[PDB]
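**Q** Enclosed is the structure file coords24.cif (mmCIF, C-alpha atoms and all ligand atoms).
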data_entry
#
loop_
_atom_site.label_atom_id
_atom_site.label_comp_id
_atom_site.auth_asym_id
_atom_site.auth_seq_id
_atom_site.Cartn_x
_atom_site.Cartn_y
_atom_site.Cartn_z
CA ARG A 5 4.61 44.40 -31.37
CA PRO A 6 1.27 42.60 -30.67
CA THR A 7 -1.67 43.84 -28.50
CA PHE A 8 -1.71 42.01 -25.09
CA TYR A 9 -4.80 41.62 -22.80
CA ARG A 10 -5.07 40.87 -19.01
CA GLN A 11 -7.20 38.27 -17.06
CA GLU A 12 -6.81 36.58 -13.58
CA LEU A 13 -7.01 32.70 -13.50
CA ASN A 14 -6.57 30.40 -10.41
CA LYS A 15 -5.25 33.54 -8.55
CA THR A 16 -2.61 34.18 -11.32
CA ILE A 17 -2.42 37.35 -13.55
CA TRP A 18 -2.14 36.13 -17.23
CA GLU A 19 -1.01 38.65 -19.96
CA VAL A 20 -0.88 37.24 -23.56
CA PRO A 21 -1.25 38.54 -27.18
CA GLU A 22 -4.83 38.87 -28.60
CA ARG A 23 -4.28 35.82 -30.95
CA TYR A 24 -4.50 33.44 -27.88
CA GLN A 25 -8.22 33.38 -26.84
CA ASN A 26 -10.40 31.23 -24.50
CA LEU A 27 -7.59 30.41 -21.98
CA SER A 28 -8.79 27.62 -19.58
CA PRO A 29 -6.49 26.17 -16.85
CA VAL A 30 -5.42 22.47 -17.38
CA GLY A 31 -4.29 20.21 -14.44
CA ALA A 34 -0.48 19.89 -11.24
CA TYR A 35 1.72 20.83 -14.32
CA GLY A 36 2.41 24.38 -12.94
CA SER A 37 0.75 27.54 -14.40
CA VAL A 38 -0.63 26.05 -17.70
CA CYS A 39 -3.70 27.13 -19.75
CA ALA A 40 -5.10 25.53 -22.92
CA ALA A 41 -5.59 28.38 -25.49
CA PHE A 42 -7.14 28.60 -29.01
CA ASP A 43 -4.43 30.02 -31.34
CA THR A 44 -6.56 32.27 -33.64
CA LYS A 45 -3.64 32.37 -36.17
CA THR A 46 -3.70 28.59 -36.91
CA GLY A 47 -7.20 27.54 -35.66
CA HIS A 48 -5.39 24.88 -33.49
CA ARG A 49 -5.66 24.50 -29.66
CA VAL A 50 -2.23 25.22 -28.01
CA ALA A 51 -0.82 25.23 -24.39
CA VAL A 52 0.44 28.45 -22.70
CA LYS A 53 2.85 28.01 -19.72
CA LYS A 54 3.63 31.12 -17.58
CA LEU A 55 7.00 30.28 -15.87
CA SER A 56 6.67 30.69 -12.04
CA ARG A 57 8.94 33.60 -10.81
CA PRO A 58 11.53 32.84 -13.56
CA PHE A 59 14.27 35.12 -12.02
CA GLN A 60 13.42 34.71 -8.25
CA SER A 61 17.00 33.53 -7.40
CA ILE A 62 20.17 32.62 -9.47
CA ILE A 63 19.03 28.96 -10.02
CA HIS A 64 15.51 29.95 -11.27
CA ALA A 65 17.11 32.48 -13.71
CA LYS A 66 19.49 29.74 -15.05
CA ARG A 67 16.81 26.93 -15.02
CA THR A 68 14.66 29.50 -16.99
CA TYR A 69 17.44 30.28 -19.56
CA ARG A 70 18.25 26.52 -19.97
CA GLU A 71 14.59 25.47 -20.57
CA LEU A 72 14.17 28.16 -23.29
CA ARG A 73 17.55 27.31 -24.92
CA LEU A 74 16.56 23.57 -24.92
CA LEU A 75 13.02 24.31 -26.35
CA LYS A 76 14.38 26.72 -29.07
CA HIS A 77 16.76 23.85 -30.09
CA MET A 78 14.26 20.90 -30.46
CA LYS A 79 13.25 20.62 -34.17
CA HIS A 80 12.16 16.90 -34.35
CA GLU A 81 8.92 14.83 -34.90
CA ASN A 82 9.35 12.81 -31.64
CA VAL A 83 10.43 15.81 -29.43
CA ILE A 84 8.16 18.67 -28.13
CA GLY A 85 8.66 21.92 -30.15
CA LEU A 86 8.31 25.64 -29.20
CA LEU A 87 5.46 27.34 -31.20
CA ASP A 88 5.93 30.76 -29.49
CA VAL A 89 7.70 32.38 -26.50
CA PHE A 90 6.71 35.93 -25.26
CA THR A 91 6.96 38.57 -22.48
CA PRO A 92 4.34 41.36 -22.21
CA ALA A 93 7.34 43.55 -21.09
CA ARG A 94 8.23 46.62 -23.27
CA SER A 95 12.02 46.81 -22.44
CA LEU A 96 14.65 44.64 -20.63
CA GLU A 97 14.03 47.02 -17.63
CA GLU A 98 10.36 45.87 -17.13
CA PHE A 99 11.00 42.12 -17.92
CA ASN A 100 9.72 39.74 -15.13
CA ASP A 101 7.32 37.22 -16.84
CA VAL A 102 8.22 34.62 -19.57
CA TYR A 103 5.47 32.67 -21.49
CA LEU A 104 5.92 29.40 -23.50
CA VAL A 105 3.39 28.03 -26.11
CA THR A 106 3.36 24.28 -27.11
CA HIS A 107 0.89 21.91 -28.88
CA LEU A 108 -1.77 20.51 -26.47
CA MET A 109 -1.05 16.88 -25.43
CA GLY A 110 -4.42 15.02 -25.27
CA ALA A 111 -2.83 12.15 -23.24
CA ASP A 112 0.48 10.47 -22.11
CA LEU A 113 1.73 6.80 -22.35
CA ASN A 114 -0.29 6.09 -19.12
CA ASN A 115 -3.69 7.60 -20.16
CA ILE A 116 -3.31 5.78 -23.54
CA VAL A 117 -2.83 2.30 -21.85
CA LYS A 121 -3.01 -4.66 -23.85
CA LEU A 122 -1.02 -2.73 -26.58
CA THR A 123 -0.41 -5.08 -29.62
CA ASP A 124 3.22 -6.08 -30.56
CA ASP A 125 2.98 -3.55 -33.48
CA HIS A 126 1.69 -0.73 -31.15
CA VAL A 127 4.80 -1.44 -28.91
CA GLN A 128 7.24 -1.52 -31.92
CA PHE A 129 5.84 1.80 -33.21
CA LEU A 130 5.84 3.60 -29.81
CA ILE A 131 9.40 2.46 -28.78
CA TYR A 132 10.70 3.18 -32.32
CA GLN A 133 9.54 6.86 -31.93
CA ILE A 134 11.18 7.33 -28.47
CA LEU A 135 14.54 5.92 -29.77
CA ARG A 136 14.14 8.16 -32.88
CA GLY A 137 13.55 11.14 -30.49
CA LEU A 138 16.51 10.00 -28.29
CA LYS A 139 19.00 9.58 -31.21
CA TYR A 140 18.25 13.30 -32.06
CA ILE A 141 18.41 14.60 -28.39
CA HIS A 142 21.55 12.47 -27.57
CA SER A 143 23.39 13.74 -30.77
CA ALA A 144 23.26 17.29 -29.19
CA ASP A 145 24.87 15.83 -25.95
CA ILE A 146 21.46 16.35 -24.19
CA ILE A 147 20.33 13.66 -21.68
CA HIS A 148 16.63 13.56 -20.62
CA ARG A 149 17.53 11.98 -17.18
CA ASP A 150 13.72 11.73 -16.38
CA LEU A 151 12.10 9.55 -19.15
CA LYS A 152 8.82 8.07 -17.83
CA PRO A 153 5.36 7.46 -19.40
CA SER A 154 4.02 10.74 -17.80
CA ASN A 155 6.71 12.59 -19.96
CA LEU A 156 5.56 10.99 -23.27
CA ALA A 157 2.63 12.70 -25.08
CA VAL A 158 0.44 10.55 -27.41
CA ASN A 159 -2.29 11.73 -29.90
CA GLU A 160 -5.38 10.20 -31.66
CA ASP A 161 -3.07 8.46 -34.25
CA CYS A 162 -0.53 6.97 -31.70
CA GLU A 163 2.29 9.50 -32.58
CA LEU A 164 4.57 10.30 -29.57
CA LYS A 165 6.55 13.41 -28.39
CA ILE A 166 9.30 13.33 -25.68
CA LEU A 167 8.90 16.29 -23.24
CA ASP A 168 9.80 17.04 -19.55
CA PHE A 169 7.20 18.39 -17.04
CA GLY A 170 8.20 19.26 -13.42
CA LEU A 171 5.76 16.97 -11.57
CA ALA A 184 7.59 7.85 -9.84
CA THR A 185 11.03 8.59 -11.47
CA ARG A 186 12.88 5.83 -9.48
CA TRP A 187 10.92 3.12 -11.44
CA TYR A 188 12.59 4.17 -14.78
CA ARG A 189 15.88 5.45 -13.24
CA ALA A 190 19.21 3.73 -14.20
CA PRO A 191 21.07 2.05 -11.28
CA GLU A 192 24.38 4.03 -11.74
CA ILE A 193 22.47 7.26 -10.76
CA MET A 194 20.86 5.71 -7.60
CA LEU A 195 24.19 3.99 -6.56
CA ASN A 196 26.08 7.27 -7.34
CA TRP A 197 28.72 5.80 -9.76
CA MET A 198 31.18 8.09 -11.60
CA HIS A 199 30.36 7.47 -15.32
CA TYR A 200 27.02 9.04 -16.35
CA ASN A 201 26.38 8.85 -20.15
CA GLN A 202 23.43 9.31 -22.57
CA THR A 203 22.41 5.60 -22.04
CA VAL A 204 20.77 6.45 -18.62
CA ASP A 205 17.75 7.30 -20.89
CA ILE A 206 17.97 3.85 -22.67
CA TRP A 207 17.61 2.00 -19.31
CA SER A 208 14.43 4.12 -18.87
CA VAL A 209 13.16 3.10 -22.39
CA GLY A 210 13.81 -0.57 -21.37
CA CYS A 211 11.77 0.02 -18.13
CA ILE A 212 8.98 1.77 -20.18
CA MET A 213 8.93 -0.89 -22.96
CA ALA A 214 8.92 -3.75 -20.37
CA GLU A 215 5.73 -2.11 -18.89
CA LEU A 216 4.05 -1.86 -22.39
CA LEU A 217 4.82 -5.57 -23.10
CA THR A 218 3.94 -6.97 -19.60
CA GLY A 219 1.20 -4.48 -18.56
CA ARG A 220 3.03 -4.12 -15.18
CA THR A 221 5.84 -1.79 -13.96
CA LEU A 222 9.05 -3.92 -14.08
CA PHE A 223 10.85 -2.40 -11.03
CA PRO A 224 8.02 -1.14 -8.72
CA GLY A 225 10.44 0.00 -5.93
CA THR A 226 9.01 1.65 -2.74
CA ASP A 227 12.44 3.37 -2.17
CA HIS A 228 15.81 3.45 -4.09
CA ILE A 229 17.29 0.47 -2.10
CA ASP A 230 14.21 -1.72 -2.88
CA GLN A 231 14.45 -0.34 -6.47
CA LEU A 232 18.09 -1.61 -6.76
CA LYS A 233 17.26 -5.00 -5.09
CA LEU A 234 14.52 -5.54 -7.83
CA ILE A 235 16.96 -4.52 -10.69
CA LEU A 236 19.84 -6.78 -9.48
CA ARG A 237 17.39 -9.75 -8.99
CA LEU A 238 16.86 -9.70 -12.84
CA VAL A 239 20.07 -8.26 -14.47
CA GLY A 240 22.33 -10.32 -12.09
CA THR A 241 25.17 -9.12 -9.80
CA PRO A 242 27.85 -7.06 -11.65
CA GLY A 243 30.33 -9.26 -13.60
CA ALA A 244 34.14 -8.73 -13.35
CA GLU A 245 34.36 -6.40 -16.44
CA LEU A 246 31.98 -3.92 -14.60
CA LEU A 247 33.58 -4.34 -11.10
CA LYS A 248 36.98 -3.28 -12.63
CA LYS A 249 35.51 0.23 -13.34
CA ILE A 250 34.38 0.79 -9.63
CA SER A 251 37.10 2.44 -7.40
CA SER A 252 35.79 2.08 -3.77
CA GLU A 253 35.81 -1.33 -1.96
CA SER A 254 32.67 -0.07 -0.07
CA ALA A 255 30.62 0.55 -3.30
CA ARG A 256 31.83 -2.84 -4.76
CA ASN A 257 30.56 -4.58 -1.52
CA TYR A 258 27.20 -2.71 -1.43
CA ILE A 259 26.24 -3.65 -5.07
CA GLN A 260 26.84 -7.35 -3.96
CA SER A 261 24.92 -6.90 -0.61
CA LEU A 262 21.84 -5.98 -2.78
CA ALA A 263 22.35 -8.88 -5.32
CA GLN A 264 21.46 -11.53 -2.62
CA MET A 265 17.71 -11.63 -3.60
CA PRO A 266 16.78 -14.87 -5.49
CA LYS A 267 17.97 -14.53 -9.17
CA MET A 268 15.16 -14.00 -11.80
CA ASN A 269 15.58 -14.73 -15.59
CA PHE A 270 14.46 -12.62 -18.63
CA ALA A 271 12.70 -15.49 -20.54
CA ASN A 272 10.00 -15.87 -17.74
CA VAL A 273 9.36 -12.11 -17.03
CA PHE A 274 8.51 -11.37 -20.75
CA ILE A 275 7.09 -14.83 -21.71
CA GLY A 276 4.39 -14.23 -24.38
CA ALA A 277 6.38 -11.22 -25.74
CA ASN A 278 7.90 -11.27 -29.28
CA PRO A 279 11.40 -12.86 -28.96
CA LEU A 280 12.96 -9.77 -30.71
CA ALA A 281 11.42 -7.45 -28.02
CA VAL A 282 13.03 -9.54 -25.21
CA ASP A 283 16.26 -9.61 -27.35
CA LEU A 284 16.11 -5.75 -27.44
CA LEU A 285 15.23 -5.45 -23.67
CA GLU A 286 18.28 -7.54 -22.57
CA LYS A 287 20.51 -5.03 -24.54
CA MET A 288 18.72 -2.02 -22.90
CA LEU A 289 18.51 -3.39 -19.29
CA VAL A 290 22.31 -3.86 -18.90
CA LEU A 291 24.03 -2.72 -15.62
CA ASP A 292 27.26 -1.67 -17.45
CA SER A 293 26.27 1.72 -19.07
CA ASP A 294 29.40 1.53 -21.34
CA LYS A 295 28.00 -1.80 -22.78
CA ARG A 296 24.32 -0.62 -22.92
CA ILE A 297 22.87 -0.23 -26.51
CA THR A 298 22.57 3.42 -27.81
CA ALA A 299 19.35 4.94 -29.28
CA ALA A 300 21.18 4.86 -32.69
CA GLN A 301 22.13 1.12 -32.40
CA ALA A 302 18.63 0.24 -31.03
CA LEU A 303 16.82 1.80 -34.11
CA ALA A 304 18.78 -0.78 -36.26
CA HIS A 305 17.59 -3.78 -34.15
CA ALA A 306 15.39 -6.37 -36.03
CA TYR A 307 12.44 -5.61 -33.66
CA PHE A 308 11.88 -2.35 -35.73
CA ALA A 309 12.38 -3.91 -39.24
CA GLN A 310 8.83 -2.69 -40.20
CA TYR A 311 9.62 1.01 -39.26
CA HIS A 312 13.47 1.50 -39.36
CA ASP A 313 14.26 3.99 -42.19
CA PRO A 314 17.92 5.09 -41.68
CA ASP A 315 17.53 8.03 -44.18
CA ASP A 316 14.66 9.29 -41.88
CA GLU A 317 16.30 9.20 -38.37
CA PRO A 318 17.87 12.65 -38.24
CA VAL A 319 20.58 13.90 -35.80
CA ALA A 320 20.34 17.35 -34.07
CA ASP A 321 22.08 20.64 -35.05
CA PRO A 322 25.14 21.74 -33.01
CA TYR A 323 23.82 22.77 -29.51
CA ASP A 324 25.81 25.41 -27.49
CA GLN A 325 25.82 23.74 -23.99
CA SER A 326 28.78 25.80 -22.61
CA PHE A 327 26.41 28.00 -20.45
CA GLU A 328 25.65 24.91 -18.25
CA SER A 329 29.22 25.38 -16.77
CA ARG A 330 28.77 29.15 -15.94
CA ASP A 331 28.12 30.81 -12.51
CA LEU A 332 26.52 34.23 -13.39
CA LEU A 333 24.36 36.91 -11.61
CA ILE A 334 20.49 37.19 -11.73
CA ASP A 335 20.88 40.09 -14.28
CA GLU A 336 23.09 38.12 -16.76
CA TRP A 337 20.80 35.02 -16.86
CA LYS A 338 17.81 37.43 -17.18
CA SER A 339 19.55 39.45 -19.98
CA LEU A 340 20.57 36.25 -21.88
CA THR A 341 16.94 34.92 -21.64
CA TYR A 342 15.53 38.29 -22.92
CA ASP A 343 17.91 37.96 -25.97
CA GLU A 344 16.54 34.40 -26.62
CA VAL A 345 12.80 35.40 -26.36
CA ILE A 346 13.50 38.29 -28.84
CA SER A 347 15.57 36.21 -31.40
CA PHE A 348 12.88 33.42 -31.46
CA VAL A 349 11.64 32.96 -35.08
CA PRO A 350 8.31 31.02 -34.88
CA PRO A 351 8.47 27.72 -36.84
CA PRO A 352 6.69 27.42 -40.23
CA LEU A 353 3.40 25.32 -40.05
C1 LIG A 401 13.15 23.79 -12.96
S1 LIG A 401 13.09 23.87 -14.71
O1 LIG A 401 12.16 24.88 -15.08
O2 LIG A 401 14.43 23.96 -15.19
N1 LIG A 401 12.49 22.45 -15.26
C2 LIG A 401 12.14 21.41 -14.27
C3 LIG A 401 11.84 20.09 -14.97
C4 LIG A 401 11.07 20.30 -16.28
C5 LIG A 401 11.80 21.26 -17.22
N2 LIG A 401 12.14 20.62 -18.49
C6 LIG A 401 12.45 21.29 -19.60
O3 LIG A 401 13.21 22.25 -19.61
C7 LIG A 401 11.85 20.77 -20.91
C8 LIG A 401 12.81 20.95 -22.09
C9 LIG A 401 13.87 19.86 -22.11
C10 LIG A 401 13.82 18.75 -23.17
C11 LIG A 401 14.95 17.75 -22.96
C12 LIG A 401 14.81 16.50 -23.82
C13 LIG A 401 13.71 16.65 -24.85
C14 LIG A 401 12.38 16.92 -24.19
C15 LIG A 401 12.48 18.03 -23.14
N3 LIG A 401 10.58 21.42 -21.19
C16 LIG A 401 9.49 20.72 -21.53
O4 LIG A 401 9.56 19.55 -21.88
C17 LIG A 401 8.18 21.45 -21.53
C18 LIG A 401 6.99 20.76 -21.72
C19 LIG A 401 5.78 21.42 -21.73
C20 LIG A 401 5.71 22.80 -21.56
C21 LIG A 401 4.40 23.55 -21.57
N4 LIG A 401 3.24 22.77 -21.98
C22 LIG A 401 2.57 21.99 -21.13
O5 LIG A 401 2.88 21.86 -19.94
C23 LIG A 401 1.44 21.24 -21.73
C24 LIG A 401 1.15 20.89 -23.02
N5 LIG A 401 0.02 20.13 -23.12
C25 LIG A 401 -0.42 19.99 -21.87
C26 LIG A 401 -1.53 19.28 -21.35
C27 LIG A 401 -1.74 19.27 -20.01
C28 LIG A 401 -0.88 19.96 -19.13
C29 LIG A 401 0.18 20.65 -19.61
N6 LIG A 401 0.41 20.66 -20.98
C30 LIG A 401 6.90 23.49 -21.35
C31 LIG A 401 8.11 22.83 -21.33
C32 LIG A 401 12.99 21.88 -16.52
#
For the file at hand, write its structure as structure tokens.
Ligand SMILES: CS(=O)(=O)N1CCC[C@H](NC(=O)[C@H](CCC2CCCCC2)NC(=O)c2ccc(CNC(=O)c3cnc4ccccn34)cc2)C1
**A**
Amino acid sequence: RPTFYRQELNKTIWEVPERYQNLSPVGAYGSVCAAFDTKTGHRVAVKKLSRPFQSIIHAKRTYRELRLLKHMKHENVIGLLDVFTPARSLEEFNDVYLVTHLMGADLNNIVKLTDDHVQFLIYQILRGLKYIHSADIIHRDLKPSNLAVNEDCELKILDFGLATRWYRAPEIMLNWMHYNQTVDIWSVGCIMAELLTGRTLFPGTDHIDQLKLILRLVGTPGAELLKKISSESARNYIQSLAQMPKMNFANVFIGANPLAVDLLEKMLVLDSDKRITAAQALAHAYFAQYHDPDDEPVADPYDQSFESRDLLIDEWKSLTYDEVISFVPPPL
């Protein structure tokens, strides 16, 4: 068991093993310090979870986050370098600590991207989404601020706890029945649009505005979609918002590679059953230069059955302790 040391930063008591030195606070992103990992001579990020077991929902949101992190073993998805408690036993266990690579910048703070810069960046998100989606995991919050970039334009999908609405699929904001993985693909269409145009595609001030801007471009729902909607009152409302003067795809992305617009019209589809999947989108001609189908791996089986459970503070806590302890650090 390693030797821990104690220091107070931004009125927070940090306790970490002696391998993490020179902790400086970075941020807005919660309780996060940049640290020098003495093991690997690489700068890392330490996150001290804020009162992880305060209630029942913190204790479950804490277990989930650690389960998710321990699962992600992909090039285009944030990985867990280390997790630790200073705690001796289960009895004295209150503080959880996560270690990740340091993210120099996000899609925003690295942004007139060339057609090839757009191809490469959207390829990597779809490659990261294929993997995530194969484990029946949905991001639900894909936006540029959740996409880390490096010196050499390589991208990781992650999820901080910080506008969402801009990248948010209509079915979520209209409260339709059928959610599916492809809520993320709409987001990738909204993010890619922005990289091509240099402007946010659906800059909504509120969710109703947001939907008026979406319907103006993607059209009013066609019959095949309307069939799947039960309530008269939802079917009316989606049409009450599709009154704004129609806009066409060929004029919004004029200048853009015709295969990028071809891909965007398959992403930005109202019908989430007809929307292209990460897996299908990787095989689109737009990525001809990068698509290797022997190098687009799926995820291992992910035990998601805990999501359904209603347990006590002590069970969620106990389960989380058993994850921290069973964590084998990845090989370099
Ligand atoms: C309430 S909640 O706790 O349940 N919670 C609420 C919403 C967000 C949480 N999402 C999550 O669980 C995902 C796991 C889900 C998974 C799903 C699909 C594939 C991607 C994500 N956790 C993170 O992404 C994560 C990211 C960074 C860090 C620490 N490193 C830093 O912050 C850092 C590193 N470099 C820098 C530079 C500057 C500032 C900070 N940094 C810790 C966790 C859930």
**Q** Could you work out an axis-aligned box for ligand LIG 401 (chain A), taking every atom the file lists and adding 5 Å on each side, and report centre and edge lengths in Å to one decimal, as AutoDock Vina command-line options?
**A**
--center_x 6.6 --center_y 20.7 --center_z -18.9 --size_x 26.7 --size_y 18.4 --size_z 21.9
**Q** Counting only C-alpha atoms and all ligand atoms, which residues of chain A sit at most 7 Å from some atom of ligand LIG 401 (chain A), and what is each one's closest atom pair with its distance in Å to one decimal, listed by chain and rising residue number, as a tab-separated table?
**A**
residue	atom	partner	partner_atom	distance
A:30	CA	A:LIG401	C28	5.5
A:31	CA	A:LIG401	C28	5.8
A:35	CA	A:LIG401	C29	5.5
A:38	CA	A:LIG401	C29	5.8
A:51	CA	A:LIG401	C24	5.0
A:52	CA	A:LIG401	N4	6.4
A:53	CA	A:LIG401	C21	5.1
A:64	CA	A:LIG401	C1	6.8
A:67	CA	A:LIG401	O2	3.8
A:68	CA	A:LIG401	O1	5.6
A:70	CA	A:LIG401	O3	6.6
A:71	CA	A:LIG401	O3	3.6
A:74	CA	A:LIG401	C9	5.4
A:75	CA	A:LIG401	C8	5.4
A:83	CA	A:LIG401	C13	5.7
A:84	CA	A:LIG401	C14	6.0
A:104	CA	A:LIG401	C21	6.3
A:105	CA	A:LIG401	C21	6.5
A:106	CA	A:LIG401	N4	5.3
A:107	CA	A:LIG401	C24	6.0
A:108	CA	A:LIG401	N5	3.8
A:109	CA	A:LIG401	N5	4.1
A:110	CA	A:LIG401	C26	6.5
A:141	CA	A:LIG401	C12	6.1
A:146	CA	A:LIG401	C12	6.7
A:147	CA	A:LIG401	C12	6.6
A:148	CA	A:LIG401	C12	4.7
A:166	CA	A:LIG401	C14	5.0
A:167	CA	A:LIG401	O4	3.6
A:168	CA	A:LIG401	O4	3.4
A:169	CA	A:LIG401	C4	4.4
A:170	CA	A:LIG401	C3	4.0
**Q** The selected residues should be written to file as a PDB file, in the frame of the given file (atoms: C-alpha atoms).
**A**
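Contents of the output file selection.pdb:
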ATOM      1  CA  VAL A  30      -5.420  22.470 -17.380  1.00  0.00           C
ATOM      2  CA  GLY A  31      -4.290  20.210 -14.440  1.00  0.00           C
ATOM      3  CA  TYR A  35       1.720  20.830 -14.320  1.00  0.00           C
ATOM      4  CA  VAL A  38      -0.630  26.050 -17.700  1.00  0.00           C
ATOM      5  CA  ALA A  51      -0.820  25.230 -24.390  1.00  0.00           C
ATOM      6  CA  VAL A  52       0.440  28.450 -22.700  1.00  0.00           C
ATOM      7  CA  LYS A  53       2.850  28.010 -19.720  1.00  0.00           C
ATOM      8  CA  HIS A  64      15.510  29.950 -11.270  1.00  0.00           C
ATOM      9  CA  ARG A  67      16.810  26.930 -15.020  1.00  0.00           C
ATOM     10  CA  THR A  68      14.660  29.500 -16.990  1.00  0.00           C
ATOM     11  CA  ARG A  70      18.250  26.520 -19.970  1.00  0.00           C
ATOM     12  CA  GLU A  71      14.590  25.470 -20.570  1.00  0.00           C
ATOM     13  CA  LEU A  74      16.560  23.570 -24.920  1.00  0.00           C
ATOM     14  CA  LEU A  75      13.020  24.310 -26.350  1.00  0.00           C
ATOM     15  CA  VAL A  83      10.430  15.810 -29.430  1.00  0.00           C
ATOM     16  CA  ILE A  84       8.160  18.670 -28.130  1.00  0.00           C
ATOM     17  CA  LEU A 104       5.920  29.400 -23.500  1.00  0.00           C
ATOM     18  CA  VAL A 105       3.390  28.030 -26.110  1.00  0.00           C
ATOM     19  CA  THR A 106       3.360  24.280 -27.110  1.00  0.00           C
ATOM     20  CA  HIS A 107       0.890  21.910 -28.880  1.00  0.00           C
ATOM     21  CA  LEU A 108      -1.770  20.510 -26.470  1.00  0.00           C
ATOM     22  CA  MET A 109      -1.050  16.880 -25.430  1.00  0.00           C
ATOM     23  CA  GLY A 110      -4.420  15.020 -25.270  1.00  0.00           C
ATOM     24  CA  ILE A 141      18.410  14.600 -28.390  1.00  0.00           C
ATOM     25  CA  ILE A 146      21.460  16.350 -24.190  1.00  0.00           C
ATOM     26  CA  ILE A 147      20.330  13.660 -21.680  1.00  0.00           C
ATOM     27  CA  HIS A 148      16.630  13.560 -20.620  1.00  0.00           C
ATOM     28  CA  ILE A 166       9.300  13.330 -25.680  1.00  0.00           C
ATOM     29  CA  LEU A 167       8.900  16.290 -23.240  1.00  0.00           C
ATOM     30  CA  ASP A 168       9.800  17.040 -19.550  1.00  0.00           C
ATOM     31  CA  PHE A 169       7.200  18.390 -17.040  1.00  0.00           C
ATOM     32  CA  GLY A 170       8.200  19.260 -13.420  1.00  0.00           C
TER      33      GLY A 170
END
**Q** Could you tell me which of A:91, A:347, A:44, A:301 comes closest to residue 138 in chain A if we count all atoms listed in the file?
**A**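 Among the listed residues, the smallest separation from residue 138 in chain A belongs to A:301.
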**Q** Within 12 Å of residue 143 in chain A, counting all atoms listed in the file, which residues qualify if same-chain residues fewer than 3 places away don't, as a list in words?
**A**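 So the residues in contact are residues 78, 135, 136, 137, 138, 139, 140, 146, 147, 202, 203, 298, 299, 300, 317, 318, 319, 320, 321, 322 and 323 of chain A.
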**Q** Which is closest to residue 244 in chain A among A:218, A:25, A:291, A:213, if we use all atoms listed in the file?
**A**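 Ranked by minimum distance to residue 244 in chain A, first place goes to A:291.
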**Q** Compile a residue-level contact table for range 280-314 of chain A against range 121-124 of chain A at a cut-off of 12 Å, reporting for every qualifying residue the shortest atom pair and its distance in Å to one decimal, with only C-alpha atoms counted, rows ordered by chain and ascending number, as a Markdown table.
**A**
| residue | atom | partner | partner_atom | distance |
| --- | --- | --- | --- | --- |
| A:280 | CA | A:124 | CA | 10.4 |
| A:281 | CA | A:124 | CA | 8.7 |
| A:282 | CA | A:124 | CA | 11.7 |
| A:307 | CA | A:124 | CA | 9.7 |
| A:308 | CA | A:124 | CA | 10.8 |
| A:310 | CA | A:124 | CA | 11.7 |
**Q** Mind pulling up the distance from CA of residue 23 in chain A to CA of residue 6 in chain A?
**A** 8.8 Å
**Q** Around the point (32.8, 4.7, -11.2) in the file's coordinates, collect all residues with an atom within 10 Å, using all atoms listed in the file, and return them as JSON, numbers by chain.
**A** {"A": [192, 195, 196, 197, 198, 199, 200, 246, 247, 248, 249, 250, 251, 252, 255, 256]}
**Q** Any idea what the distance is between CA of residue 240 in chain A and CA of residue 263 in chain A?
**A** 6.9 Å
